[PDB]
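Single chain ahead, written as structure tokens, the form deposited in one PDB entry.
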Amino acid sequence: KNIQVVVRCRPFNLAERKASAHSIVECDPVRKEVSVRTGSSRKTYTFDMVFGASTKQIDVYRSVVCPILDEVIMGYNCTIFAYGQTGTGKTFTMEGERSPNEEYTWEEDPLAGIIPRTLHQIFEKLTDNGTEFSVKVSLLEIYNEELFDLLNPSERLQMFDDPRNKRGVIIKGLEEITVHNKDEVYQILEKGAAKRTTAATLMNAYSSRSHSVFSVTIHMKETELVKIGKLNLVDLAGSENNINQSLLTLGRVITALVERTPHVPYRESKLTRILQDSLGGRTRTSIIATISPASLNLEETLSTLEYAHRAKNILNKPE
């Protein structure tokens, strides 16, 4: 199956209003098109889905992620990437935010993004639909070609080949935490958030240059036939950017794949080793390309759109 590629455009922000920018992006969800005025000259792209600035978190989840979670629960591996310019909505999309003033429970918060909703829906979907299951999660960051375990309450992780799968790696020392119930989900996410703000203190431009890999693995057993599904939820460093080796190598890998070049340089960065199987392997993969509507960003926005559109022709073969 081909990589699914969707675009999410966010509303104008006030920094763009202060820069005197005008709108140059038109999202057409019905036609699945994004049009960019390139000076009345225009460039249109077609994607698998297009989400405009009024799209709600829950819309993204139902339209993009629900199909993918169903595949995981069938026992496949899946990956969703968020790709795009700093400030355009990668983290808002993958993680979301809490609404102000303690107004919602985490499970009901309309600003939750893909990660919290996915973990909540795992428990809704598998609970007492006949199923015995366990769920574990891990969260690592990649910064400056170094691995950081956001769930380790203490360091630096070591990468080993997976002798069982050539397109795979094993991260020794990664905290893979069992999530026993919905209430545990929020405690674990809270714990990763605290670990990331202190990650913020000891880093240079850390969040915009770091990659974040959240992984959930579901062990499922029914009578006695077993299923193991994995989902990786990846928030990439900003696309405008050892500090950039992984982002740059991701660009070479995608290029190598789109040109059918026989040498794909997967092993030239930690990110591309981790998601080697997501890029031309046996994992089903979607990319959410995030963009700004503002004229200020024409060059980054065109770069993001070209990058993402080319990705549509990469074929994966799940299982």
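Note that residue numbering begins at 1 and tracks the sequence as displayed. In this text, rigid core is short for the largest set of C-alphas that superpose within 1.5 Å between two forms.
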Missing-residue flag, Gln187, threshold a third of other entries
no
At least a third of the other entries leave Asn242 unmodelled:
yes
Continuity check for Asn241 and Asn242, given as deposited residues lacking coordinates between them:
10 or more
Going by the mean C-alpha B-factor recorded in the entry, which is higher: 187-195 or 109-117?
187-195
Can you tell me which stretch has the higher mean Cα B-factor, 59-67 or 265-273?
265-273
Which of these has the highest Cα B-factor in the record: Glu176, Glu141, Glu155, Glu95?
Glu155
For the listed residues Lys90, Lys136, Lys227, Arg209, which one has the largest C-alpha B-factor as given in the deposited model?
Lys227
State the tercile, meaning the lowest, middle or highest third, of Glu146 with respect to the CA B-factors recorded for its chain.
highest
Using only modelled residues of the chain, where does the Cα B factor of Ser40 rank: lowest third, middle third or highest third?
highest
Assert third(CA B-factor, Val213) within chain per record equals lowest
For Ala256, return the chain-relative third of its C-alpha B-factor as stated in the PDB record: lowest, middle or highest.
highest
Entry-reported Cα temperature factor of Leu279, expressed as the chain third it lands in:
highest
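This protein has a second form, the form deposited in another entry, left out of what is shown; the following refers to that one.
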Comparing between this form and the one not shown on the core: of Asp70, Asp48, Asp28, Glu268, the CA moving 2 angstroms or more sits at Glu268
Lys195: CA shift of at least 2 Å between this form and the one not shown after core fit?
yes
With both forms fit on the core, has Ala294 moved 2 Å or more by CA between this form and the one not shown?
no
If you line up the core, does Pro163 shift 2 angstroms or more at its C-alpha between this form and the one not shown?
yes
Direction of C-alpha distance change in the other entry, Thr79 to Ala200 (at least 3 Å)
farther
Given that the distance between the C-alpha atoms of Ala193 and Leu139 changes by 3 Å or more in the other entry, do they end up closer or farther than here?
farther
